[PDB]
Amino acid sequence: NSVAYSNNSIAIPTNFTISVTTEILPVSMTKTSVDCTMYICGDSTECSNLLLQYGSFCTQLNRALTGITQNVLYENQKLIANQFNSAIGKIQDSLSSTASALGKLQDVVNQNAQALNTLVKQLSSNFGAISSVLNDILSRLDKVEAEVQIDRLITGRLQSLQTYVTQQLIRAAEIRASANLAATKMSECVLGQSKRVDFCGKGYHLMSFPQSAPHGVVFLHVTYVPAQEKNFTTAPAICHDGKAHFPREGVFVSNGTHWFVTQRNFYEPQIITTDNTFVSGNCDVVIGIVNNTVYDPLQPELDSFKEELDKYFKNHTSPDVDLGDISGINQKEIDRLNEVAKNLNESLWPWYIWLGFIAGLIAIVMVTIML
Amino acid sequence: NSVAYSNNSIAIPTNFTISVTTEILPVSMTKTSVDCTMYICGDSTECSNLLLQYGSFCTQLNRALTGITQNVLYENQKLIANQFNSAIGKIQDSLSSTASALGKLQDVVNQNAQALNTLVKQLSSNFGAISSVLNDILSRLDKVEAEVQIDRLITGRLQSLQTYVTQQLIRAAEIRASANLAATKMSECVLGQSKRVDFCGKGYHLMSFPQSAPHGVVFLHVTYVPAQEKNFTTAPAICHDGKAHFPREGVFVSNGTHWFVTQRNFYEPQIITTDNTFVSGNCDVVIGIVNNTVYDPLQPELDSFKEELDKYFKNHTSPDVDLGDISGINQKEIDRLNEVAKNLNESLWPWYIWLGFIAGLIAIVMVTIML
Amino acid sequence: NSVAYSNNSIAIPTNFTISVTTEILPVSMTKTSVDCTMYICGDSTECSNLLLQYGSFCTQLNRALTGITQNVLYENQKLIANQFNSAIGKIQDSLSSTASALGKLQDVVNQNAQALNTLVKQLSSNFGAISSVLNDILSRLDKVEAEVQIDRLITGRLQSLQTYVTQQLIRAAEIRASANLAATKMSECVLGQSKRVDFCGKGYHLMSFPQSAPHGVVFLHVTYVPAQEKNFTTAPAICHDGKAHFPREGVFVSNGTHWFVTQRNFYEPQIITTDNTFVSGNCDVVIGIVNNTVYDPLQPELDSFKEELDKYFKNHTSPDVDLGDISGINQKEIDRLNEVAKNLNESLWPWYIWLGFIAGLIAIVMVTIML
Ligand SMILES: *[C@@H]1O[C@H](CO)[C@@H](O[C@@H]2O[C@H](CO)[C@@H](O[C@H]3O[C@H](CO)[C@@H](O)[C@H](O)[C@@H]3O)[C@H](O)[C@H]2NC(C)=O)[C@H](O)[C@H]1NC(C)=O
Ligand SMILES: *[C@@H]1O[C@H](CO)[C@@H](O[C@@H]2O[C@H](CO)[C@@H](O[C@H]3O[C@H](CO)[C@@H](O)[C@H](O)[C@@H]3O)[C@H](O)[C@H]2NC(C)=O)[C@H](O)[C@H]1NC(C)=O
Ligand SMILES: *[C@@H]1O[C@H](CO)[C@@H](O[C@@H]2O[C@H](CO)[C@@H](O[C@H]3O[C@H](CO)[C@@H](O)[C@H](O)[C@@H]3O)[C@H](O)[C@H]2NC(C)=O)[C@H](O)[C@H]1NC(C)=O
Ligand SMILES: *[C@@H]1O[C@H](CO)[C@@H](O[C@@H]2O[C@H](CO)[C@@H](O[C@H]3O[C@H](CO)[C@@H](O)[C@H](O)[C@@H]3O)[C@H](O)[C@H]2NC(C)=O)[C@H](O)[C@H]1NC(C)=O
Ligand SMILES: *[C@@H]1O[C@H](CO)[C@@H](O[C@@H]2O[C@H](CO)[C@@H](O[C@H]3O[C@H](CO)[C@@H](O)[C@H](O)[C@@H]3O)[C@H](O)[C@H]2NC(C)=O)[C@H](O)[C@H]1NC(C)=O
Ligand SMILES: *[C@@H]1O[C@H](CO)[C@@H](O[C@@H]2O[C@H](CO)[C@@H](O[C@H]3O[C@H](CO)[C@@H](O)[C@H](O)[C@@H]3O)[C@H](O)[C@H]2NC(C)=O)[C@H](O)[C@H]1NC(C)=O
Ligand SMILES: *[C@@H]1O[C@H](CO)[C@@H](O[C@@H]2O[C@H](CO)[C@@H](O[C@H]3O[C@H](CO)[C@@H](O)[C@H](O)[C@@H]3O)[C@H](O)[C@H]2NC(C)=O)[C@H](O)[C@H]1NC(C)=O
Ligand SMILES: *[C@@H]1O[C@H](CO)[C@@H](O[C@@H]2O[C@H](CO)[C@@H](O[C@H]3O[C@H](CO)[C@@H](O)[C@H](O)[C@@H]3O)[C@H](O)[C@H]2NC(C)=O)[C@H](O)[C@H]1NC(C)=O
Ligand SMILES: *[C@@H]1O[C@H](CO)[C@@H](O[C@@H]2O[C@H](CO)[C@@H](O)[C@H](O)[C@H]2NC(C)=O)[C@H](O)[C@H]1NC(C)=O
Ligand SMILES: *[C@@H]1O[C@H](CO)[C@@H](O[C@@H]2O[C@H](CO)[C@@H](O)[C@H](O)[C@H]2NC(C)=O)[C@H](O)[C@H]1NC(C)=O
Ligand SMILES: *[C@@H]1O[C@H](CO)[C@@H](O[C@@H]2O[C@H](CO)[C@@H](O)[C@H](O)[C@H]2NC(C)=O)[C@H](O)[C@H]1NC(C)=O
Ligand SMILES: *[C@@H]1O[C@H](CO)[C@@H](O)[C@H](O)[C@H]1NC(C)=O
Ligand SMILES: *[C@@H]1O[C@H](CO)[C@@H](O)[C@H](O)[C@H]1NC(C)=O
Ligand SMILES: *[C@@H]1O[C@H](CO)[C@@H](O)[C@H](O)[C@H]1NC(C)=O
Ligand SMILES: *[C@@H]1O[C@H](CO)[C@@H](O)[C@H](O)[C@H]1NC(C)=O
Ligand SMILES: *[C@@H]1O[C@H](CO)[C@@H](O)[C@H](O)[C@H]1NC(C)=O
Ligand SMILES: *[C@@H]1O[C@H](CO)[C@@H](O)[C@H](O)[C@H]1NC(C)=O
Ligand SMILES: *[C@@H]1O[C@H](CO)[C@@H](O)[C@H](O)[C@H]1NC(C)=O
Ligand SMILES: *[C@@H]1O[C@H](CO)[C@@H](O)[C@H](O)[C@H]1NC(C)=O
Ligand SMILES: *[C@@H]1O[C@H](CO)[C@@H](O)[C@H](O)[C@H]1NC(C)=O
């Protein structure tokens with residue numbers, strides 16, 4: 001089911017008013033080349049310095065936009081003397097042995113102290129080197145942790161700049177088409193006279209006059225709009241006994257009883273003629289179908305982030321450091337000596353009788369002589 | 001060499017069938033604004049959190065799409081006594097000296113032990129701090145190593161999202177042009193009648209009827225297609241004696257002997273007239289050349305990656321740590337003493353004869369008295 | 001103020017020359033699919049390996065482009081013996097005590113040496129682990145510091161590749177429109193004859209002949225250009241007593257005294273008639289204004305980098321490491337002993353007279369006997 005022979009009330013102009021139309025068309029586009037430094041980063045120093053590492057894409061993007069008883073006592077004397085002498089010998093040996101052992105102890109202790117001092121020096125050097133290296137690590141750590149975010153924001157603003165570039169290229173591709181439309185509107189209407197409805201001025205084109213504009217052209221079309229029009233029932237064809245008679249460069253204005261081939265753009269009824277109407281056969285209407293399907297582009301569909309990530313993403317986690325736990329590396333006699341020191345500090349007739357006998361003997365001799 | 005005066009067999013319609021054409025044109029486009037979170041990252045948490053750092057480009061991209069024998073013994077006694085006394089003095093001095101030296105050794109050893117304990121404590125604090133700091137370093141190391149890859153995939157999907165945006169802007173720029181074509185097809189054919197071939201319905205336009213569609217317009221053009229046509233040899237001009245006579249709004253259908261100015265769209269031969277043909281001079285054909293060169297944009301050519309990289313890329317490599325190598329910091333007498341200890345443990349008449357003589361003397365005196 | 005009734009000198013053709021126009025139109029575009037590996041990174045290995053982490057955007061971008069005196073002496077003997085004995089006892093006790101204390105010192109010193117060796121071993125293990133871990137840290141540090149710059153350049157070249165993609169989609173969207181123009185130029189001019197000025201060949205179209213081209217179509221339009229034309233003063237309408245008479249499919253060539261409705265495309269003056277001119281009322285000119293405003297897209301304006309940065313940017317700075325400063329962990333008697341050692345090395349009649357008396361007594365007895 002379609003609509004061919006049906007006569008409906010369509011307006012046919014009974015009259016016109018002269019008219020003019022001022023039609024503006026942009027024909028050129030300013031080359032809006034873009035500074036990406038100010039656009040993406042602008043005044044912030046770190047992102048500006050990072051943009052330098054983003055290459056010359058900037059000019060590249062501008063590339064798009066710039067175009068487009070005497071004996072025993074003597075024996076005891078010898079005894080005490082020899083005991084004392086042997087004692088002296090063992091004291092001297094005790095002394096020598098104790099001195100040697102004490103010196104070896106004083107040696108090993110001082111060697112332990114020397115090892116302590118050398119270990120202290122070596123460990124101090126170790127700790128200085130470690131502090132320096134780990135400080136360098138943490139400092140460059142913080143710098144990288146900042147710069148990765150600054151670059152992430154730069155990358156996210158790159159998408160905005162590229163959307164800007166894309167929309168600008170779109171606009172310039174529309175500009176060149178509007179310039180071609182300007183060219184043909186100049187051709188068909190300033191050099192000539194357009195026969196098409198509303199083309200080159202509202203109504204029907206009589207004349208055109210071109211004028212320039214900073215990026216466009218304006219046409220003053222003197223035309224005529226229909227001052228008055230009347231709705232006549234009209235059939236683009238009428239089928240008489242199986243033969244389709246359809247007007248020749250006109251329309252079947254249906255009069256009260258007759259069909260006239262009137263002018264489409266003016267009420268001027270003119271009777272059906274085979275010179276006013278072409279004739280067909282079989283009363284058959286060819287049905288056409290047209291769909292101007294504008295191109296639908298192949299949009300870039302992606303996987304979900306997890307699949308495209310774990311495809312290459314390695315989830316490497318470095319281990320907790322564990323290092324060696326050095327925490328697991330664990331007078332009475334002097335009194336006796338001093339006591340024995342202080343303790344060692346602590347334990348540090350015949351002639352007369354015989355003479356009397358001799359005197360008595362002499363006395364007796366004297367008495368005997370006296371008698 | 002071109003083709004002007006040559007008459008070739010071109011079809012001229014002997015007849016027509018009435019016809020209708022249903023012509024669909026999309027006039028509007030849905031604003032397919034895009035969520036970038038679901039598009040790029042979707043459900044994965046880490047990339048979603050990272051997208052927050054990518055700025056509001058999302059809305060920005062939507063911005064595009066929402067628009068668009070007694071004396072000697074006494075002397076020896078004195079000797080042993082004085083020897084013993086002097087020995088005692090040297091024993092006491094040996095004792096005092098050994099005690100002082102032994103106490104100094106016991107002091108320095110305990111000082112070495114104290115230094116050991118203090119060094120152990122200081123080193124334990126050192127190792128705890130180092131473990132904590134390097135664990136922090138390695139942990140944030142792993143996190144950054146993951147996030148840089150997650151952001152790399154985000155950045156690579158940003159290109160897909162921007163290609164989507166670009167293709168959508170392309171499609172909308174085609175949509176607005178199809179809407180303008182819809183406007184002119186309404187104008188020249190519903191308000192009027194198109195004179196152009198196949199424009200507004202297959203064949204030749206008789207009438208049009210517009211109807212809307214969710215994003216388009218459909219025109220029912222009642223037209224006429226040529227039911228029958230015959231191939232007549234035709235010359236767009238014929239040059240009689242150096243003067244080019246070319247039909248006036250018609251074509252030179254070459255009859256068996258004559259040229260007729262027939263209607264282009266219908267076989268209706270009509271004899272050459274100067275009202276049927278314009279006349280030229282010199283038989284000269286102007287040759288025109290036209291190339292509608294669609295704009296070829298300035299594509300953003302780049303250097304190779306090495307030149308744009310080493311331009312700013314610094315290949316800094318931190319050195320291998322080297323730190324101090326602390327690995328390079330390297331009884332007989334007691335027996336004699338004990339032996340001498342245990343060794344030191346080990347070496348810890350006249351009256352009668354004279355009385356007999358006196359008795360003999362008294363005996364003699366008695367005998368003498370008896371005589 | 002506009003321009004309707006004013007008659008200006010416009011050229012009307014007095015004559016024509018036959019002509020031909022060779023019109024080339026590109027109708028198809030080669031699918032310039034792009035390898036992103038060679039484009040962005042090319043031959044450099046590290047950026048190539050990094051591109052693998054950028055996902056399959058490559059094909060996605062191709063998705064766009066592929067489409068689109070005896071007793072005292074004895075007492076002194078006992079004295080020296082007991083003094084010596086007690087001295088021996090205190091020497092033995094001094095010996096035992098000194099030996100025990102010296103052995104305890106030799107024990108504690110060797111324990112200090114053992115603790116030194118164990119601490120050395122534990123610290124060597126600690127230093128080896130620390131060196132390994134911090135070397136790993138610094139090495140992956142340098143690698144990440146290089147890769148972030150390589151990826152930054154990749155991301156900056158992604159913008160160039162996307163600008164290329166956008167411009168290519170622009171070009172293909174122009175290609176399909178040029179193909180539609182080719183379609184209509186074939187329709188209205190090879191199947192028919194164009195009535196529009198310069199459309200399908202310079203001048204006025206007589207015939208067209210289509211021919212293919214690797215991505216285009218060329219039409220040979222036999223047309224006629226105006227050989228001669230004369231500038232006649234012309235008014236698209238003239239207002240007689242308030243009624244606008246404007247020519248019917250012609251122009252008012254202003255003769256010396258009269259207006260003729262001449263053919264626009266040929267000097268053929270024909271007198272004003274109501275069949276040559278439509279008539280209006282009130283002498284009123286309708287003034288129309290038209291501006292074909294090509295779509296200006298909503299460009300993605302961004303904040304300054306600081307606001308979009310500090311929105312999520314955290315300026316975390318890890319502290320300077322400070323670790324424990326281990327630098328803060330700080331014979332006369334033997335002479336006396338040896339002196340006393342060497343010093344200790346250093347201090348290691350009655351019968352005859354009575355017999356003579358007895359002999360004198362016997363001598364006296366002998367003398368007495370002799371008397
Ligand atoms: C039709 O409407 C247009 C708006 O959609 C508008 O075109 C505009 O014309 C002005 C003229 O003042 C332009 O303004 C500019 O002024 C000068 C001259 O071009 C330039 O040097 C400036 O940099 C600035 O761009 C507008 O740019 C222009 N609009 C657009 C979108 O380009 C007019 O009202 C009509 N068109 C014409 C051509 O007049
Ligand atoms: C369409 O039908 C209309 C109605 O028949 C017709 O208009 C009519 O035209 C006739 C002829 O001119 C007139 O007939 C009478 O005209 C005058 C009166 O005006 C008399 O003096 C004559 O003797 C004659 O009887 C009708 O008056 C007139 N009717 C109307 C309503 O205008 C159209 O001419 C027809 N159109 C075509 C193209 O045929
Ligand atoms: C990167 O880091 C996460 C580590 O915290 C990582 O997670 C872990 O993935 C492994 C391997 O898929 C899982 O190991 C076990 O997984 C299932 C769960 O029961 C078992 O059947 C397996 O046999 C295997 O033993 C861990 O369970 C999982 N851990 C967690 C906490 O999820 C993720 O892949 C990454 N994280 C992010 C946010 O991307
Ligand atoms: C010409 O062919 C077109 C296909 O190239 C197709 O246009 C399509 O029309 C349908 C109508 O059902 C649209 O479908 C949609 O349905 C409604 C109404 O628009 C929307 O709300 C939905 O979201 C959905 O988009 C198609 O979208 C549309 N095609 C395109 C590419 O837009 C028709 O067959 C013909 N055109 C018309 C206007 O009918
Ligand atoms: C970043 O890291 C690479 C280091 O492994 C770096 O490479 C090296 O570049 C230097 C600079 O030219 C070369 O140095 C020297 O080249 C020769 C080799 O002996 C000498 O005779 C010269 O006098 C000069 O001193 C190194 O040779 C080169 N490394 C190697 C192993 O050849 C690269 O620039 C970067 N690597 C990547 C993958 O981008
Ligand atoms: C109108 O001017 C065009 C230049 O703007 C140019 O079209 C060009 O035609 C040549 C033909 O040799 C193409 O060259 C190519 O050659 C073959 C055939 O297409 C291809 O396989 C090659 O890969 C190569 O592309 C040009 O590509 C083409 N120009 C463009 C921009 O596509 C002609 O001078 C005129 N047009 C025609 C259709 O002839
Ligand atoms: C526009 O005005 C022109 C000037 O009046 C007019 O041309 C004139 O046409 C008349 C009639 O053909 C000529 O009148 C004379 O013609 C010949 C001489 O050539 C005499 O034999 C006749 O008796 C008559 O007197 C004029 O000579 C001629 N003038 C010129 C300069 O050509 C145009 O015809 C007018 N155009 C229209 C459409 O009316
Ligand atoms: C990231 O690193 C910079 C650190 O070097 C950081 O800068 C510092 O920002 C703080 C926060 O405002 C400022 O702090 C104090 O500033 C004045 C100084 O006394 C006080 O009166 C305020 O109350 C506030 O407490 C620091 O002064 C500022 N650093 C310096 C040297 O001025 C920046 O935000 C970041 N740097 C870059 C390049 O982005
Ligand atoms: C060992 O014996 C001596 C002698 O009895 C004592 O020593 C005297 O020590 C006091 C200590 O103040 C001095 O004031 C005296 O001058 C010392 N005596 C002499 C003679 O000088 C004491 O019992 C022991 N000596 C010590 C412990 O040094
Ligand atoms: C020093 O000499 C004494 C006395 O001869 C000895 O000591 C005795 O040691 C034994 C060891 O078991 C004890 O059972 C005895 O009781 C000790 N004697 C007395 C009287 O009690 C030994 O040769 C030396 N003393 C030592 C080595 O302590
Ligand atoms: C203790 O006294 C002895 C005996 O007077 C001295 O020793 C002698 O030491 C010298 C050292 O060269 C030897 O050559 C002699 O052979 C030793 N004497 C004997 C008998 O062998 C010395 O004054 C002291 N002994 C020491 C210091 O060992
Ligand atoms: C055409 O109009 C006439 C009167 O104006 C009417 O009688 C006739 O039925 C109409 N044709 C159709 C097909 O409706
Ligand atoms: C229409 O035009 C005719 C003839 O030109 C005239 O008689 C009639 O009055 C006009 N009507 C209007 C409304 O202009
Ligand atoms: C090491 O020190 C601990 C402290 O708790 C103490 O018991 C002892 O002196 C050492 N440990 C051992 C097990 O010897
Ligand atoms: C035109 O056709 C006629 C017959 O149809 C023929 O005689 C003549 O040679 C043709 N013209 C040319 C230039 O071939
Ligand atoms: C063509 O039209 C003519 C006149 O209208 C007619 O005589 C002839 O039969 C028609 N031929 C065909 C094939 O329709
Ligand atoms: C340190 O230890 C080594 C172990 O090989 C051993 O020879 C000695 O006791 C020390 N080294 C030196 C050179 O004194
Ligand atoms: C039109 O031209 C004629 C002579 O060619 C002149 O007399 C008249 O003034 C012109 N009309 C206008 C409005 O200038
Ligand atoms: C213009 O055409 C006419 C008639 O065709 C002729 O008389 C006149 O000489 C031609 N003039 C030129 C310059 O061709
Ligand atoms: C530790 O060494 C310093 C070296 O300057 C020295 O004065 C002393 O032996 C120790 N320091 C103290 C305060 O005891």
# chains A, B, ... in the order shown; residues from 1 in each chain; ligands from 1
call {"tool": "select_by_dssp", "arguments": {"residues": "segment 293-331 of chain C", "states": "helix (DSSP H, G or I)", "output": "ChimeraX atom specification"}}
result
/C:305-310,326-328
call {"tool": "residues_near_ligand", "arguments": {"ligand": "ligand 14", "cutoff": "10 Å", "atoms": "only C-alpha atoms and all ligand atoms", "output": "list in words"}}
result
residues 327, 328, 329 and 330 of chain A; 117 of chain B
call {"tool": "closest_residue", "arguments": {"among": "B:340, B:285, B:321, B:367", "to": "residue 129 of chain C", "atoms": "only C-alpha atoms"}}
result
B:321
call {"tool": "residues_around", "arguments": {"residues": "residue 96 of chain C", "least_positions_apart": "6", "cutoff": "9 Å", "atoms": "only C-alpha atoms", "output": "PyMOL selection string"}}
result
(chain A and resi 333+336-337) or (chain B and resi 338+341)
call {"tool": "write_last_selection", "arguments": {"atoms": "N, CA, C and O atoms", "output": "CSV table (one decimal), in the first residue's frame"}}
result
chain,number,residue,atom,x,y,z
A,333,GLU,N,88.0,-15.4,96.3
A,333,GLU,CA,89.4,-15.7,96.2
A,333,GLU,C,90.3,-14.5,96.4
A,333,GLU,O,91.3,-14.6,97.2
A,336,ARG,N,90.4,-14.0,100.1
A,336,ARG,CA,91.3,-14.9,100.7
A,336,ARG,C,92.8,-14.5,100.5
A,336,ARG,O,93.6,-14.5,101.4
A,337,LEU,N,93.1,-14.0,99.3
A,337,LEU,CA,94.4,-13.4,99.0
A,337,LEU,C,94.7,-12.3,99.9
A,337,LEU,O,95.8,-12.2,100.5
B,338,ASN,N,100.5,-24.8,89.9
B,338,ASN,CA,99.9,-25.9,90.7
B,338,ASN,C,100.9,-26.9,91.2
B,338,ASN,O,100.8,-27.4,92.3
B,341,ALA,N,102.5,-25.4,94.0
B,341,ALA,CA,101.6,-25.3,95.1
B,341,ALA,C,101.6,-26.6,95.9
B,341,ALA,O,101.6,-26.6,97.1
call {"tool": "residues_near_ligand", "arguments": {"ligand": "ligand 9", "cutoff": "8 Å", "atoms": "only C-alpha atoms and all ligand atoms", "output": "ChimeraX atom specification"}}
result
/A:342,345-346
call {"tool": "residues_near_ligand", "arguments": {"ligand": "ligand 1", "cutoff": "6 Å", "atoms": "only C-alpha atoms and all ligand atoms", "output": "list in words"}}
result
residues 24, 26, 213, 214, 215 and 216 of chain A; 291 and 293 of chain C
call {"tool": "residues_around", "arguments": {"residues": "segment 170-177 of chain C", "least_positions_apart": "2", "cutoff": "7 Å", "atoms": "only C-alpha atoms", "output": "list in words"}}
result
residues 170 and 173 of chain A; 170, 294, 295 and 296 of chain B; 26, 27, 28, 29, 68, 166, 167, 168, 179, 180 and 181 of chain C
call {"tool": "residues_near_ligand", "arguments": {"ligand": "ligand 12", "cutoff": "7 Å", "atoms": "only C-alpha atoms and all ligand atoms", "output": "list in words"}}
result
residues 5, 6, 7, 233, 254, 255, 256 and 257 of chain A
call {"tool": "closest_atom_pairs", "arguments": {"of": "chain A", "to": "ligand 11", "cutoff": "12 Å", "atoms": "only C-alpha atoms and all ligand atoms", "output": "CSV"}}
result
residue,atom,partner,partner_atom_place_in_ligand_line,distance
A:88,CA,ligand 11,1 (C),11.5
A:89,CA,ligand 11,1 (C),10.0
A:92,CA,ligand 11,1 (C),9.5
A:93,CA,ligand 11,28 (O),10.4
A:96,CA,ligand 11,28 (O),10.0
call {"tool": "closest_residue", "arguments": {"among": "B:35, B:107, B:188, B:249", "to": "chain A", "atoms": "only C-alpha atoms"}}
result
B:188
call {"tool": "residues_near_ligand", "arguments": {"ligand": "ligand 7", "cutoff": "12 Å", "atoms": "only C-alpha atoms and all ligand atoms", "output": "list in words"}}
result
residues 232, 252, 253, 254, 255, 256, 257, 258, 259, 260, 261, 262, 263, 267, 268, 269, 270, 271 and 272 of chain C
call {"tool": "residues_near_ligand", "arguments": {"ligand": "ligand 19", "cutoff": "10 Å", "atoms": "only C-alpha atoms and all ligand atoms", "output": "PyMOL selection string"}}
result
(chain B and resi 243+245+274+278-282) or (chain C and resi 13-17+226-229+267)
call {"tool": "write_last_selection", "arguments": {"atoms": "N, CA and C atoms", "output": "compact mmCIF listing (two decimals), in the first residue's frame"}}
result
# COMPACT_ATOMS: atom_id res chain seq x y z
N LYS B 243 30.08 25.47 -38.01
CA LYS B 243 29.20 26.08 -37.03
C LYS B 243 28.51 24.98 -36.24
N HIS B 245 25.82 23.46 -34.29
CA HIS B 245 24.42 23.53 -33.90
C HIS B 245 24.20 22.41 -32.89
N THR B 274 17.01 26.62 -35.26
CA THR B 274 17.80 27.55 -34.45
C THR B 274 17.07 27.92 -33.16
N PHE B 278 20.97 25.94 -30.46
CA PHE B 278 21.85 27.09 -30.48
C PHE B 278 22.94 26.85 -31.50
N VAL B 279 23.46 27.95 -32.04
CA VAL B 279 24.46 27.91 -33.09
C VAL B 279 25.74 28.49 -32.53
N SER B 280 26.86 27.91 -32.94
CA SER B 280 28.17 28.30 -32.45
C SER B 280 29.00 28.78 -33.63
N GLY B 281 30.27 29.06 -33.37
CA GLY B 281 31.18 29.51 -34.40
C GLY B 281 32.53 28.84 -34.28
N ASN B 282 33.18 28.61 -35.41
CA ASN B 282 34.52 28.04 -35.55
C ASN B 282 34.54 26.54 -35.28
N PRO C 13 24.04 35.85 -22.30
CA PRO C 13 24.78 35.31 -23.45
C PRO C 13 24.16 35.64 -24.80
N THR C 14 24.94 36.28 -25.66
CA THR C 14 24.51 36.47 -27.04
C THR C 14 24.80 35.23 -27.87
N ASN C 15 25.74 34.39 -27.42
CA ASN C 15 26.16 33.22 -28.18
C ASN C 15 26.84 32.21 -27.28
N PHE C 16 27.16 31.05 -27.87
CA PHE C 16 27.80 29.95 -27.17
C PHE C 16 28.83 29.27 -28.07
N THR C 17 29.82 28.65 -27.42
CA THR C 17 30.66 27.64 -28.03
C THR C 17 30.39 26.29 -27.38
N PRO C 226 29.26 30.04 -22.79
CA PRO C 226 28.88 31.22 -23.59
C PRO C 226 30.05 31.82 -24.34
N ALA C 227 30.06 31.67 -25.67
CA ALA C 227 31.12 32.25 -26.48
C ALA C 227 31.15 33.77 -26.33
N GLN C 228 30.00 34.41 -26.45
CA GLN C 228 29.87 35.84 -26.29
C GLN C 228 28.69 36.14 -25.39
N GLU C 229 28.81 37.19 -24.59
CA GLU C 229 27.72 37.64 -23.76
C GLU C 229 27.82 39.15 -23.63
N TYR C 267 20.84 35.85 -24.69
CA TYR C 267 20.27 37.15 -25.02
C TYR C 267 19.16 36.93 -26.03
call {"tool": "residues_around", "arguments": {"residues": "residue 77 of chain B", "least_positions_apart": "2", "cutoff": "9 Å", "atoms": "only C-alpha atoms", "output": "PyMOL selection string"}}
result
(chain A and resi 77+81) or (chain B and resi 72-75+79-82) or (chain C and resi 73+76-77+80)
call {"tool": "closest_residue", "arguments": {"among": "B:192, B:156, B:356, B:210", "to": "chain C", "atoms": "only C-alpha atoms"}}
result
B:156
call {"tool": "residues_around", "arguments": {"residues": "residue 115 of chain A", "least_positions_apart": "2", "cutoff": "10 Å", "atoms": "only C-alpha atoms", "output": "short mmCIF file (atom, residue, chain, number, x, y, z; two decimals) with N, CA and C atoms, in the first residue's frame"}}
result
data_model
loop_
_atom_site.label_atom_id
_atom_site.label_comp_id
_atom_site.auth_asym_id
_atom_site.auth_seq_id
_atom_site.Cartn_x
_atom_site.Cartn_y
_atom_site.Cartn_z
N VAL A 109 92.94 -9.58 76.32
CA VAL A 109 91.92 -8.56 76.58
C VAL A 109 92.13 -7.35 75.68
N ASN A 110 93.38 -6.91 75.55
CA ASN A 110 93.66 -5.77 74.70
C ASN A 110 93.41 -6.11 73.24
N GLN A 111 93.61 -7.38 72.86
CA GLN A 111 93.26 -7.80 71.51
C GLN A 111 91.75 -7.77 71.29
N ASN A 112 90.98 -8.17 72.31
CA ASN A 112 89.53 -8.06 72.24
C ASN A 112 89.10 -6.60 72.10
N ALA A 113 89.74 -5.70 72.85
CA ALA A 113 89.43 -4.28 72.75
C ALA A 113 89.79 -3.73 71.36
N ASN A 117 87.30 -2.00 68.63
CA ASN A 117 87.46 -0.71 67.96
C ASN A 117 87.42 -0.85 66.44
N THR A 118 88.06 -1.90 65.90
CA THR A 118 88.05 -2.09 64.45
C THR A 118 86.66 -2.42 63.95
N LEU A 119 85.93 -3.27 64.68
CA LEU A 119 84.55 -3.58 64.32
C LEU A 119 83.69 -2.33 64.37
N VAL A 120 83.89 -1.48 65.38
CA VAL A 120 83.14 -0.24 65.47
C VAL A 120 83.39 0.63 64.24
N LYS A 121 84.65 0.75 63.83
CA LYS A 121 84.96 1.57 62.66
C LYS A 121 84.32 0.99 61.39
N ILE B 329 88.49 -8.82 60.30
CA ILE B 329 88.89 -8.21 61.56
C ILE B 329 89.55 -9.23 62.48
N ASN B 330 90.13 -10.28 61.93
CA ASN B 330 90.95 -11.09 62.82
C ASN B 330 92.36 -10.45 62.86
N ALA C 113 85.76 -13.04 73.42
CA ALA C 113 86.24 -13.36 72.08
C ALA C 113 85.22 -14.20 71.31
N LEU C 116 82.51 -11.98 70.23
CA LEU C 116 83.00 -11.22 69.08
C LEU C 116 82.89 -12.03 67.79
N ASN C 117 83.33 -13.29 67.81
CA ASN C 117 83.26 -14.09 66.59
C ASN C 117 81.82 -14.34 66.16
#
